[PDB]
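Shown below, as structure tokens, is a lone chain in the form deposited without the DNA; questions about how it binds or moves come after it.
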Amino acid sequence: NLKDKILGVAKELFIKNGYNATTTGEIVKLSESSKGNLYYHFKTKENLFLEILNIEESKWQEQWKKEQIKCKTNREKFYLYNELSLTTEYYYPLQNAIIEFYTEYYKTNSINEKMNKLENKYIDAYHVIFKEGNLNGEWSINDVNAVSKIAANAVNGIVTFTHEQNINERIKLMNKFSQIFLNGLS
């Protein structure tokens, strides 16, 4: 493909290097396409990027759903999303470039929106897990969206700022977190 091979060469660079470090110039040399190509379907560079994120968030949200069946209760679902959060190959590997990208575009306006429309996807899983939990008496959440946002973000943190110490040390902590968090809800 073309408008899909670019979307893939970019992802690899955005991850390997960073948001800025990777240039549309580069993208082309390893994806063979006139500069203009990147223009029709991808307007700005924060377009091609804000794009990939969508794909990633979707792919991950999908992987989770074809994977949460292994969890009988929501308490189990919560626990599992956070673990899987550490192993996926989706979305999370791009948290870094996201951090950078937001620092180099917070001064514009179209940023706060997209960078908040996608936030609704990001926290969805937690909203479902938490609402359903109320619909199932596992706990009693009055401020679900508050709790869902706090959860999502907290977790992203553990996943993102412990990226190095042996992969199982992470899974350990992550579970202690899911533990403590839930015990604090009810």
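A residue's number is simply how far along the shown sequence it sits, counting from 1.
Another form, the form deposited with the DNA bound, is not on view; read the next lines as being about it.
Only one of 43-51, 120-128, 57-65, 142-150 places residue heavy atoms within 4.5 angstroms of the DNA in the entry with it bound, namely 43-51.
Although the partner is absent here, residue 162 lies well away from the DNA in the entry with it bound, with no heavy atom inside 4.5 Å. When contacts are judged by a 4.5 Å heavy atom cut-off, residue 1 counts as touching the DNA in the entry with it bound. Taking the partner from the other structure, the DNA in the entry with it bound has a heavy atom within 4.5 Å of a heavy atom of residue 37. Interface membership of residue 23, defined by any non-hydrogen atom within 4.5 Å of the DNA in the entry with it bound, is confirmed.
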